[PDB]
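Q: Got a structure here, written out as structure tokens. Questions coming.
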Amino acid sequence: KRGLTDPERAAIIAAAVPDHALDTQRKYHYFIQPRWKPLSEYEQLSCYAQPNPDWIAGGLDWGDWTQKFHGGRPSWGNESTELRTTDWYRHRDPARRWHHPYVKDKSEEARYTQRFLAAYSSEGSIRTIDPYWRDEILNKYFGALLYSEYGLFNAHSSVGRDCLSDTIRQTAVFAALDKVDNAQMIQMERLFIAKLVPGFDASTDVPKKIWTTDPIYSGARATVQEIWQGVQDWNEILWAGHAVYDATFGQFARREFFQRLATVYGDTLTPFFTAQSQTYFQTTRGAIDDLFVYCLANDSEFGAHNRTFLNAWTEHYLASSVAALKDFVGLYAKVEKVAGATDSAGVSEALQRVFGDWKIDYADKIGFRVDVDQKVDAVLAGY
Amino acid sequence: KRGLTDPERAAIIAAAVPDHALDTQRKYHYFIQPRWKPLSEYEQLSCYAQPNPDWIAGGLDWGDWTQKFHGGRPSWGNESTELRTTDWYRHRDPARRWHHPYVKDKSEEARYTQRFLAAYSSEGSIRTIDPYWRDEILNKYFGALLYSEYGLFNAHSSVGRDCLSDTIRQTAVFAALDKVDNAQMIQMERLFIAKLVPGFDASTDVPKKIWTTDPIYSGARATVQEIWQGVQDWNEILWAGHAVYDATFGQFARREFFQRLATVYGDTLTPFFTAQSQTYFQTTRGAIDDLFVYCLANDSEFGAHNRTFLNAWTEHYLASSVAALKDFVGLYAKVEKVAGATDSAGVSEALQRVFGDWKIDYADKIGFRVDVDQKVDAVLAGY
Amino acid sequence: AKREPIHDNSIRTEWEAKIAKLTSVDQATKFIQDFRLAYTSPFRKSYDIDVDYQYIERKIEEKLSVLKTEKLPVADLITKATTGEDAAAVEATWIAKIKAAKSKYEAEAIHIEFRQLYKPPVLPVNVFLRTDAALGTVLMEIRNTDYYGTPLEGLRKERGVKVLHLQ
Amino acid sequence: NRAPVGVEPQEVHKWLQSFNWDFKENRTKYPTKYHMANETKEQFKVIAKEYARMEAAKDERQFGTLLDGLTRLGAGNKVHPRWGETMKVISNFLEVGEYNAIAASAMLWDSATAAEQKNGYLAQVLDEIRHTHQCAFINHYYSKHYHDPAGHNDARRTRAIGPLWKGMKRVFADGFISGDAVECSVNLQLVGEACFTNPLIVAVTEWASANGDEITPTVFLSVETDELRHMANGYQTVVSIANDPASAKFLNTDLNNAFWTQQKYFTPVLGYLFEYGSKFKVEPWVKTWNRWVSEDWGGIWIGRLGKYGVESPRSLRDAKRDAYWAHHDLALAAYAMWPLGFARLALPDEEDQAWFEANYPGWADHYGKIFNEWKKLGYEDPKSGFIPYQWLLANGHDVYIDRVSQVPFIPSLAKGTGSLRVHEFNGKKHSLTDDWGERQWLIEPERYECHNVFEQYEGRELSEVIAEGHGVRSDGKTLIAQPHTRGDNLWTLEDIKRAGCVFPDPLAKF
Amino acid sequence: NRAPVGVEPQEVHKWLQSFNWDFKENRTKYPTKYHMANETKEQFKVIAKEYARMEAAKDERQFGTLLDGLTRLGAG
Ligand SMILES: [Fe+3]
Ligand SMILES: [Fe+3]
């Protein structure tokens, strides 16, 4: 018997319900300070889910945790990062992603991708791709790039555990899933091509050997290993990973090299895959920007303090990223020269774009001085 | 008071409902002959919605229509097409699209497209597109191609009204909407570029002038005008429009010219749009193939009769399409030479692909003899 | 006794006033270390400010951290404890101590005291967390060996509690 | 070759194990006694795109039912009040478990060495975000459509006032993330989800519908579909450490501590919420507990793990012994301290009392007698100046808080099996209530320093504590919590103050 | 200029009237006594993608209610 439809229970229930509302405040978690005009559903469903006490900036609870680690490490604590703020709950993802819209959007991408592949194979459009680009550059080097995305994904494991608020945790996990999705989409592209071109080997053996032993990815692999396993400050991981390394090396490899060149060598397939990785990069950027610039670098009480650490980290990881790009440009020696694209002038402009965009998007925001021409020369030394 | 939740009505209703089912056949329209293993929901919801009488092959109703046109033209009649079949309801779209899955899929495409554009603009990837390709070829000639898609869309107005069964009507309308969607996506691309590149004119004035007065599209415009307004046999319109004209001229223009070349001139934007038009082409093809090959050309009683008309129409419209391609290849004179792509050898291979695929996909199926090399030379005369 | 309100009270206010007087890194380091030794962990010297010590500790941490960024060269922020020691040296010294512990009782005091003396901002976070993890691993292995071997009556004696009531 | 082809998720999954690579520093950042094997495989071959596709489809059905159908049917206010109040607690308390399970699953992802094992944990990280938003959504929906939005609309702050919340934080927040990752995993997946959450989600939908709530079944039936992956994760955690000699030495100790931990709070709290928080009853908690814990988990689930050296927990016998009266004992504390909560409570009526006495012979003579006395003294009447917590103190029936589990204990009125131990250590007094938790505190005092409500509120008058914690409705004076579920005669801060209830230090007598 | 921008349906709709072109045979195939004016405008600025988006959202709510809620309630 369901109380909603059973005539007798429904009657009993109707008798117990008062004929007036006992309060008029119907806005779920009405006390959350809205970032925009009115409270959004994203804020309502996400904010204050984390039960922080008052001794962790912004928390509404009190007292110590009920159970801590052996030795005394708190469930969540201030010792987890160098950065400080007056409120750890302040962050808002500009895209307002709670779980539902996040999977909804990715689901659209999942299903459309499969319709696109069935049609692409029926079209026979792989017929005009440059076979060298396909066999030597795409299969091997694009394949090896999946490990960088995968290392960035893995870097988020400790962040997911250690970060200090619910909005941050959501931003970090979605960022992680998008990174592993990028790695799986690269592998999906390689497996798809293997079905079309007899003899094309989609196994990861070669790409793995290239990521771990090829000088072209040596600096990238070293930096990713460091970001993932060499540190635990969760803010350092996110900043270094997305705002420095991925914003310079990753943007260069994905956009300036594999996507741009695919449209120089007649590759009509790859741009469908990088369209996704690049859309994920920009969505992730909006959130990372809110966390580091609006919330932390501009904290009214700790902004200068935080900029001190953000500037220190940037100097260190930018040097690593420049070294990684220095090694990576050695890949241009294996491709057909194309003026304005793979020649010295082409690479140089691709580098000005990457560093020039990075300066506006990140550096200028935290007060980090950077000489774009010097960074371009630093990398061109590897050309 | 809702009878489901009101205690007294629900009680009265519960008393009236028998305690056993009055029949055990719960399969909606169980008598429809299934094409596949079990009846699909697509067949259940679509089949026999059209109320045809027995004097229109396959109909289950009887008698004359209740109201006819002045003069006596029937609401639907055999006089609407030359082709004959033992059952007009036999057609099945292989993708099984009833309205819901159709809008669901297109909705995914609509929303993803806007996320892609916001990110693409944030990326600044338009910076590396060849400005000539952008300004002279894309803006003008790709822009003019929207009129061909739009004329093909319009050709379906009388088909939507005159065709003889529900599955066919669905196939035809979805095919139409996809054609106008292609025209609107071309215009959306042009408007998007105008927001990025100051001075880029997204107005349709020039593209319209090119479609109506440029020799490059003269033959295409003549053929589209004929298919749309010169005939009314609804089967002739679908066959000529999709299986001949769009399968040769359209596939060449969209895939061999604008998509292929976009990936030779550094255009990372256009391939996102042609990915859609080409996916729509292949989905439409599966349905057109079922209607003309499985149902009509292979009708047990009228197959030979139908192949006679299909062969006659193909000869006529293929000549028009070859003439249209002959004019269109004059466009190669306005682009930068690129061996294997825009040179005589490149165009020739692009043409072998188009005609060679067309022969396998359509011609061989209806018994139409075609010499691919002759058709390639016929068009190359315009190069 | 009578507690004042949870989040804003005279105890928290009085301490915030003392903290505002801190002007140097070495003074604030001594302050935070004494504070942690006097008021935190089960071996603290005093439970007098039990309900406010965590919030007050956070405020000292904020002061020290700001003094660090204003007065210390950037390189020092990454490689040194505010006591002036090299961070890597502190890590090695404390792993060595716990590795020499002969009982869970000695191991536990070493892990607890490391935290009282070196919790950030005294030691850089990356070094502190990996040291704290290494110490925890050893403490658990010692403690979890034969966990149920000693009867409650014995454990009470070993711990040194004063049994006030057993039902 | 122009045949239409795509790439299925399992095709990509086949290569996932190969995504990880070897490097010196490639090891977990968290303290642990165990080593998860690097060749561990996962049961579900899921990739990021396929995960989104699967989940989005479920969401569309769920949100369609809620926002379209049930809203058109006015279902939000067709719930029995007792249950609609209970849902303020159940949904938000479960919310913290889903939320902290995100962080826990991330920690386990960090702990695993195999790409597949990390992937299985990752899927759970995402699922737990999904459930956090689903628990929130139930309260959000109730806030819009149910006759009493207070508490459904602000539990993330109002839960901090009361003692019941402290216990929930130990089992479903701190217990999930603070300790050896394997200990956390046993708390979360092996015991928490396999023993309690999985059957609980389902049970809640039954009690909910029985009581006119169709909102909860819509959401929870959807949450249930993800839970299998999580139980599979627990299983894989065991398989992954089975060949590590450390598991022979430590696993059964970590499992026993976790089982005790989880049962200590759920045995009394779930029976209390189900039996006292509903009008229509589905079945007695004693029977449910035996089926879930002893039969299903203890027998079938733990039995399958025997091949890996997992033993039925040593403390199972003790837990079973306590699973008859413990929730009734807890109800005394919960009703006595009703103003500290954020839900409206209903004393059992004549019909409920007959049901309790029929299922728990002896209930009427102990608990029923006390509830009837409280009713007589004015439990429900704002003008009485009567709060039962005061009655308990006056009659020498002190309430203590277990320093370890945070679960309240009334030794003089308890029929369950706990027993009070009060120790002084380094100038501070601590009350423990059972052998398992006393051992935990004696061996690991630094893991258990949680301040209890008496320590925090000592010497303060009750209405001041409630006001400070925002335990009031929008008028700023009527309490969110109430001792009855009627629409009139609601208590205000002034009515509470009238009682003059001041918090003592219960250990000051020792 | 890297501001994030997209293209709204009304932006595309603004150019729709210009998609048709003049040619001798451009006239209806059906018998009629009337002539519909060629400058007629429509009230709803809908394009193919926006039509699908609008409709699919309504369907999800409808089918969710039927296949999930009402079926669980035995409403049939
Ligand atoms: Fe969950
Ligand atoms: Fe779960």
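Residue numbers start at 1 in each chain; chains themselves are named A, B, ... in the order of the structure tokens; ligands are numbered from 1 in the order shown.
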Produce as a count of residues only the set of residues near ligand 2, where near means within 9 Å with only C-alpha atoms and all ligand atoms considered.
A: 23
Q: Might you pull out every residue within 8 Å of stretch 2-13 of chain E, with only C-alpha atoms counted and same-chain residues fewer than 5 positions away left off, and present them as a ChimeraX atom specification?
A: /B:114-115,117-124,184,187-188,191-192,195-196 /E:45-47,50
Q: The selected residues should be written to file as a PDB file, in the first residue's frame (atoms: N, CA, C and O atoms).
A:
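Once written, out.pdb looks like this:
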```
ATOM      1  N   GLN B 114      27.350  25.023 -29.420  1.00  0.00           N
ATOM      2  CA  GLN B 114      27.550  26.302 -28.755  1.00  0.00           C
ATOM      3  C   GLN B 114      28.689  26.252 -27.739  1.00  0.00           C
ATOM      4  O   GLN B 114      29.357  27.265 -27.537  1.00  0.00           O
ATOM      5  N   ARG B 115      28.910  25.117 -27.077  1.00  0.00           N
ATOM      6  CA  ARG B 115      30.030  25.056 -26.117  1.00  0.00           C
ATOM      7  C   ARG B 115      31.342  25.121 -26.923  1.00  0.00           C
ATOM      8  O   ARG B 115      32.295  25.785 -26.521  1.00  0.00           O
ATOM      9  N   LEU B 117      31.865  26.589 -29.813  1.00  0.00           N
ATOM     10  CA  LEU B 117      32.114  27.952 -30.281  1.00  0.00           C
ATOM     11  C   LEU B 117      32.620  28.853 -29.208  1.00  0.00           C
ATOM     12  O   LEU B 117      33.484  29.683 -29.479  1.00  0.00           O
ATOM     13  N   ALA B 118      32.106  28.763 -27.985  1.00  0.00           N
ATOM     14  CA  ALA B 118      32.578  29.641 -26.923  1.00  0.00           C
ATOM     15  C   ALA B 118      34.056  29.361 -26.586  1.00  0.00           C
ATOM     16  O   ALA B 118      34.816  30.260 -26.228  1.00  0.00           O
ATOM     17  N   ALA B 119      34.410  28.093 -26.601  1.00  0.00           N
ATOM     18  CA  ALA B 119      35.775  27.697 -26.331  1.00  0.00           C
ATOM     19  C   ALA B 119      36.709  28.080 -27.523  1.00  0.00           C
ATOM     20  O   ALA B 119      37.834  28.531 -27.311  1.00  0.00           O
ATOM     21  N   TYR B 120      36.257  27.834 -28.755  1.00  0.00           N
ATOM     22  CA  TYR B 120      37.025  28.129 -29.967  1.00  0.00           C
ATOM     23  C   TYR B 120      37.359  29.598 -29.993  1.00  0.00           C
ATOM     24  O   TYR B 120      38.494  29.969 -30.275  1.00  0.00           O
ATOM     25  N   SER B 121      36.400  30.447 -29.658  1.00  0.00           N
ATOM     26  CA  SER B 121      36.688  31.851 -29.630  1.00  0.00           C
ATOM     27  C   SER B 121      37.664  32.185 -28.484  1.00  0.00           C
ATOM     28  O   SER B 121      38.527  33.062 -28.635  1.00  0.00           O
ATOM     29  N   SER B 122      37.545  31.510 -27.337  1.00  0.00           N
ATOM     30  CA  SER B 122      38.472  31.776 -26.214  1.00  0.00           C
ATOM     31  C   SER B 122      39.895  31.293 -26.574  1.00  0.00           C
ATOM     32  O   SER B 122      40.881  31.815 -26.082  1.00  0.00           O
ATOM     33  N   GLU B 123      39.954  30.237 -27.363  1.00  0.00           N
ATOM     34  CA  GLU B 123      41.206  29.643 -27.787  1.00  0.00           C
ATOM     35  C   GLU B 123      41.985  30.568 -28.717  1.00  0.00           C
ATOM     36  O   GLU B 123      43.220  30.526 -28.721  1.00  0.00           O
ATOM     37  N   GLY B 124      41.258  31.309 -29.559  1.00  0.00           N
ATOM     38  CA  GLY B 124      41.879  32.205 -30.524  1.00  0.00           C
ATOM     39  C   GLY B 124      42.410  31.408 -31.701  1.00  0.00           C
ATOM     40  O   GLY B 124      43.262  31.897 -32.432  1.00  0.00           O
ATOM     41  N   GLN B 184      21.581  26.518 -42.456  1.00  0.00           N
ATOM     42  CA  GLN B 184      21.679  27.432 -41.316  1.00  0.00           C
ATOM     43  C   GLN B 184      23.053  27.315 -40.619  1.00  0.00           C
ATOM     44  O   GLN B 184      23.535  28.300 -40.081  1.00  0.00           O
ATOM     45  N   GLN B 187      25.537  29.420 -42.427  1.00  0.00           N
ATOM     46  CA  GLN B 187      25.372  30.813 -42.083  1.00  0.00           C
ATOM     47  C   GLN B 187      25.847  31.061 -40.669  1.00  0.00           C
ATOM     48  O   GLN B 187      26.450  32.107 -40.394  1.00  0.00           O
ATOM     49  N   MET B 188      25.592  30.119 -39.749  1.00  0.00           N
ATOM     50  CA  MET B 188      26.074  30.286 -38.361  1.00  0.00           C
ATOM     51  C   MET B 188      27.638  30.394 -38.373  1.00  0.00           C
ATOM     52  O   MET B 188      28.201  31.210 -37.671  1.00  0.00           O
ATOM     53  N   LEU B 191      28.548  33.886 -39.457  1.00  0.00           N
ATOM     54  CA  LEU B 191      28.288  34.918 -38.437  1.00  0.00           C
ATOM     55  C   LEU B 191      29.275  34.837 -37.265  1.00  0.00           C
ATOM     56  O   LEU B 191      29.605  35.851 -36.633  1.00  0.00           O
ATOM     57  N   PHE B 192      29.688  33.612 -36.937  1.00  0.00           N
ATOM     58  CA  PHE B 192      30.641  33.409 -35.861  1.00  0.00           C
ATOM     59  C   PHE B 192      31.992  34.077 -36.249  1.00  0.00           C
ATOM     60  O   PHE B 192      32.601  34.842 -35.465  1.00  0.00           O
ATOM     61  N   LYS B 195      32.252  37.741 -35.817  1.00  0.00           N
ATOM     62  CA  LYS B 195      32.454  38.253 -34.468  1.00  0.00           C
ATOM     63  C   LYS B 195      33.931  38.239 -34.105  1.00  0.00           C
ATOM     64  O   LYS B 195      34.368  38.986 -33.264  1.00  0.00           O
ATOM     65  N   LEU B 196      34.692  37.384 -34.749  1.00  0.00           N
ATOM     66  CA  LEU B 196      36.110  37.220 -34.449  1.00  0.00           C
ATOM     67  C   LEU B 196      37.059  38.111 -35.288  1.00  0.00           C
ATOM     68  O   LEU B 196      38.106  38.543 -34.823  1.00  0.00           O
TER      69      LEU B 196
ATOM     70  N   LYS E  45      11.142  32.919 -34.190  1.00  0.00           N
ATOM     71  CA  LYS E  45      12.444  32.867 -34.819  1.00  0.00           C
ATOM     72  C   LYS E  45      13.153  31.562 -34.494  1.00  0.00           C
ATOM     73  O   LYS E  45      14.191  31.551 -33.827  1.00  0.00           O
ATOM     74  N   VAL E  46      12.629  30.469 -35.021  1.00  0.00           N
ATOM     75  CA  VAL E  46      13.219  29.192 -34.719  1.00  0.00           C
ATOM     76  C   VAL E  46      14.085  28.594 -35.844  1.00  0.00           C
ATOM     77  O   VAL E  46      13.706  28.673 -37.035  1.00  0.00           O
ATOM     78  N   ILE E  47      15.232  28.012 -35.481  1.00  0.00           N
ATOM     79  CA  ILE E  47      16.075  27.381 -36.478  1.00  0.00           C
ATOM     80  C   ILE E  47      16.091  25.888 -36.170  1.00  0.00           C
ATOM     81  O   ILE E  47      15.682  25.504 -35.075  1.00  0.00           O
ATOM     82  N   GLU E  50      17.700  24.747 -32.706  1.00  0.00           N
ATOM     83  CA  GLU E  50      16.963  25.284 -31.577  1.00  0.00           C
ATOM     84  C   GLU E  50      15.599  24.557 -31.408  1.00  0.00           C
ATOM     85  O   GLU E  50      15.149  24.320 -30.277  1.00  0.00           O
TER      86      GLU E  50
END
```
Q: What are the residues of chain D lining chain E at 6 Å or less? Count only C-alpha atoms, and put the answer as a VMD selection string.
A: chain D and resid 60 to 61 64 to 65 68 to 69
Q: Neighbouring residues of residue B:48 were defined as those with any atom within 9 Å, considering only C-alpha atoms; residues of the same chain fewer than 2 positions away were excluded. Please report them as a list in words.
A: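 My list of contacting residues is residues 29, 32, 44, 45, 46, 50, 51, 52, 59, 60, 89, 165, 166 and 167 of chain B.
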Q: Any chance you could export the current selection's N, CA and C atoms as a PDB file, in the first residue's frame?
A:
```pdb
ATOM      1  N   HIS B  29       0.010  -2.698 -31.779  1.00  0.00           N
ATOM      2  CA  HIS B  29       0.039  -2.999 -33.207  1.00  0.00           C
ATOM      3  C   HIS B  29       0.898  -4.221 -33.548  1.00  0.00           C
ATOM      4  N   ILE B  32       1.914  -5.746 -37.185  1.00  0.00           N
ATOM      5  CA  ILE B  32       2.885  -5.196 -38.120  1.00  0.00           C
ATOM      6  C   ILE B  32       3.974  -6.286 -38.362  1.00  0.00           C
ATOM      7  N   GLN B  44       6.270   0.260 -34.179  1.00  0.00           N
ATOM      8  CA  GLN B  44       5.002   0.352 -33.449  1.00  0.00           C
ATOM      9  C   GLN B  44       4.402   1.730 -33.507  1.00  0.00           C
ATOM     10  N   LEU B  45       5.223   2.735 -33.256  1.00  0.00           N
ATOM     11  CA  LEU B  45       4.728   4.093 -33.232  1.00  0.00           C
ATOM     12  C   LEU B  45       4.463   4.705 -34.589  1.00  0.00           C
ATOM     13  N   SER B  46       5.158   4.213 -35.615  1.00  0.00           N
ATOM     14  CA  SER B  46       5.015   4.812 -36.954  1.00  0.00           C
ATOM     15  C   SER B  46       4.068   4.153 -37.944  1.00  0.00           C
ATOM     16  N   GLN B  50      -0.719   6.142 -41.427  1.00  0.00           N
ATOM     17  CA  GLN B  50      -1.336   6.654 -42.656  1.00  0.00           C
ATOM     18  C   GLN B  50      -2.580   5.827 -42.959  1.00  0.00           C
ATOM     19  N   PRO B  51      -3.729   6.481 -43.087  1.00  0.00           N
ATOM     20  CA  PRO B  51      -4.931   5.684 -43.354  1.00  0.00           C
ATOM     21  C   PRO B  51      -5.210   5.292 -44.807  1.00  0.00           C
ATOM     22  N   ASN B  52      -4.331   4.504 -45.418  1.00  0.00           N
ATOM     23  CA  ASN B  52      -4.566   4.134 -46.804  1.00  0.00           C
ATOM     24  C   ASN B  52      -5.572   3.009 -47.002  1.00  0.00           C
ATOM     25  N   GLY B  59      -2.486  -0.761 -48.099  1.00  0.00           N
ATOM     26  CA  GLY B  59      -3.424  -0.137 -47.175  1.00  0.00           C
ATOM     27  C   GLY B  59      -4.388  -1.141 -46.526  1.00  0.00           C
ATOM     28  N   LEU B  60      -4.800  -0.853 -45.307  1.00  0.00           N
ATOM     29  CA  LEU B  60      -5.702  -1.742 -44.588  1.00  0.00           C
ATOM     30  C   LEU B  60      -7.149  -1.203 -44.560  1.00  0.00           C
ATOM     31  N   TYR B  89       4.042   0.435 -47.372  1.00  0.00           N
ATOM     32  CA  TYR B  89       4.473   0.511 -45.970  1.00  0.00           C
ATOM     33  C   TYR B  89       5.791  -0.225 -45.653  1.00  0.00           C
ATOM     34  N   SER B 165       3.283   6.721 -47.583  1.00  0.00           N
ATOM     35  CA  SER B 165       3.243   5.948 -46.363  1.00  0.00           C
ATOM     36  C   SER B 165       3.911   6.757 -45.274  1.00  0.00           C
ATOM     37  N   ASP B 166       3.694   6.323 -44.027  1.00  0.00           N
ATOM     38  CA  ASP B 166       4.175   7.003 -42.830  1.00  0.00           C
ATOM     39  C   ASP B 166       5.687   6.914 -42.661  1.00  0.00           C
ATOM     40  N   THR B 167       6.260   5.735 -42.870  1.00  0.00           N
ATOM     41  CA  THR B 167       7.728   5.592 -42.712  1.00  0.00           C
ATOM     42  C   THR B 167       8.469   6.443 -43.760  1.00  0.00           C
TER      43      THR B 167
END
```
Q: Can you work out which one of C:7, C:99, C:2, C:44 has the shortest atom-to-atom distance to chain A, counting only C-alpha atoms?
A: C:7
Q: Give me, as number ranges by chain, all polymer residues having an atom no more than 7 Å from stretch 8-18 of chain A, counting only C-alpha atoms and skipping those fewer than 6 positions away in the same chain.
A: B: 7; D: 78-81, 486-487
Q: Filtering to N, CA and C atoms, could you give me those residues as an mmCIF file, in the first residue's frame?
A:
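result-v1.cif, freshly written:
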```cif
data_model
loop_
_atom_site.group_PDB
_atom_site.id
_atom_site.type_symbol
_atom_site.label_atom_id
_atom_site.label_comp_id
_atom_site.auth_asym_id
_atom_site.auth_seq_id
_atom_site.Cartn_x
_atom_site.Cartn_y
_atom_site.Cartn_z
ATOM 1 N N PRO B 7 -9.113 10.073 -2.273
ATOM 2 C CA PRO B 7 -9.537 8.822 -1.624
ATOM 3 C C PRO B 7 -10.924 8.293 -2.074
ATOM 4 N N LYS D 78 1.816 15.396 0.313
ATOM 5 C CA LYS D 78 0.970 14.228 0.547
ATOM 6 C C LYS D 78 1.681 13.221 1.434
ATOM 7 N N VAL D 79 2.720 13.679 2.092
ATOM 8 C CA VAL D 79 3.540 12.852 2.971
ATOM 9 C C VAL D 79 3.050 12.958 4.430
ATOM 10 N N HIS D 80 3.082 11.853 5.144
ATOM 11 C CA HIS D 80 2.725 11.939 6.554
ATOM 12 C C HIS D 80 3.774 12.839 7.213
ATOM 13 N N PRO D 81 3.360 13.816 8.047
ATOM 14 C CA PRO D 81 4.303 14.732 8.699
ATOM 15 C C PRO D 81 5.450 14.104 9.460
ATOM 16 N N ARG D 486 2.100 18.904 15.166
ATOM 17 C CA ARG D 486 0.860 19.632 14.887
ATOM 18 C C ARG D 486 1.160 21.013 14.324
ATOM 19 N N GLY D 487 0.161 21.641 13.719
ATOM 20 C CA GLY D 487 0.339 22.954 13.147
ATOM 21 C C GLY D 487 0.165 24.122 14.087
#
```
Q: I'd like the interatomic distance between atom CA of residue D:143 and atom CA of residue D:76, to a tenth of an Å.
A: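 These two atoms are separated by 9.1 Å.
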Q: Considering only C-alpha atoms, give me a table of residues in chain B that are at most 9 Å from chain D, with the closest atom pair and distance in Å for each, as CSV.
A:
```
residue,atom,partner,partner_atom,distance
B:2,CA,D:73,CA,8.2
B:4,CA,D:73,CA,8.9
B:5,CA,D:73,CA,7.9
```
Q: Could those residues be written to a file, using C-alpha atoms, as a PDB file, in the first residue's frame?
A:
```
ATOM      1  CA  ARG B   2      -7.828  13.790  -9.344  1.00  0.00           C
ATOM      2  CA  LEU B   4      -5.733   8.847  -8.886  1.00  0.00           C
ATOM      3  CA  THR B   5      -5.193  10.552  -5.518  1.00  0.00           C
TER       4      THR B   5
END
```
Q: At what distance in Å, to one decimal, does atom CA of residue B:264 lie from atom CA of residue A:263?
A: 5.4 Å
Q: In stretch 149-375 of chain B, what's alpha helix (DSSP H) per DSSP? Answer as JSON, numbers by chain?
A: {"B": [149, 150, 151, 152, 153, 154, 155, 156, 157, 158, 159, 160, 161, 162, 166, 167, 168, 169, 170, 171, 172, 173, 174, 175, 176, 177, 178, 179, 180, 181, 182, 183, 184, 185, 186, 187, 188, 189, 190, 191, 192, 193, 194, 195, 196, 205, 206, 207, 208, 209, 210, 211, 212, 213, 218, 219, 220, 221, 222, 223, 224, 225, 226, 227, 228, 229, 234, 235, 236, 237, 238, 251, 260, 261, 262, 270, 271, 272, 273, 274, 275, 276, 277, 278, 279, 280, 281, 282, 283, 284, 285, 286, 287, 288, 289, 303, 304, 305, 306, 307, 308, 309, 310, 311, 312, 313, 314, 315, 316, 317, 318, 319, 320, 321, 322, 323, 324, 325, 326, 327, 328, 344, 345, 346, 347, 348, 349, 350, 351, 352, 353, 354, 355, 356, 357, 358, 364, 365, 366, 372, 373, 374, 375]}
Q: List the spatial neighbours of residue A:277 as a list in words - criterion: any atom at most 9 Å away, only C-alpha atoms, same-chain residues fewer than 5 positions off excluded.
A: residues 178, 179, 181, 182, 185, 254 and 282 of chain A
Q: Which polymer residues have any atom within 7 Å of an atom of residue D:218, counting only C-alpha atoms, with same-chain residues fewer than 4 positions away left out, as a compact mmCIF listing (two decimals) with N, CA and C atoms, in the first residue's frame?
A:
```txt
# COMPACT_ATOMS: atom_id res chain seq x y z
N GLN D 62 14.54 10.37 -13.63
CA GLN D 62 14.36 10.83 -12.28
C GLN D 62 13.83 12.23 -12.23
N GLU D 214 6.65 9.86 -2.23
CA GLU D 214 7.07 9.28 -3.54
C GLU D 214 8.33 10.01 -4.12
N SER D 222 17.20 5.43 -7.88
CA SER D 222 18.20 5.78 -8.87
C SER D 222 19.64 5.64 -8.26
```
Q: What are the residues of chain A that have an atom within 10 Å of an atom of chain C, counting only C-alpha atoms, as a ChimeraX atom specification?
A: /A:53-57,60-64,69-73,77-85,230-234,236,301-302,304-309,311-313
Q: So that I can check the surroundings of residue B:33, please list as a list in words every protein, DNA and RNA residue that reaches within 10 Å of it, counting only C-alpha atoms and ignoring chain neighbours fewer than 6 positions away.
A: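 Listing them by chain and then by number gives residues 39, 43, 47 and 90 of chain B.
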Q: Filtering to N, CA, C and O atoms, could you give me those residues as a short mmCIF file (atom, residue, chain, number, x, y, z; two decimals), in the first residue's frame?
A:
```cif
data_model
loop_
_atom_site.label_atom_id
_atom_site.label_comp_id
_atom_site.auth_asym_id
_atom_site.auth_seq_id
_atom_site.Cartn_x
_atom_site.Cartn_y
_atom_site.Cartn_z
N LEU B 39 9.50 -6.72 -33.20
CA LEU B 39 8.94 -5.42 -33.57
C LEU B 39 9.67 -4.40 -32.76
O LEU B 39 9.84 -4.60 -31.58
N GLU B 43 8.80 0.95 -35.24
CA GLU B 43 7.74 0.41 -36.11
C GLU B 43 6.35 0.56 -35.47
O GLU B 43 5.38 0.96 -36.12
N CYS B 47 4.15 2.82 -38.02
CA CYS B 47 3.47 2.04 -39.04
C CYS B 47 1.97 1.99 -38.98
O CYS B 47 1.42 1.69 -37.92
N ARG B 90 6.35 -0.93 -46.63
CA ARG B 90 7.54 -1.75 -46.41
C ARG B 90 8.80 -1.07 -45.92
O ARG B 90 9.60 -1.66 -45.18
#
```
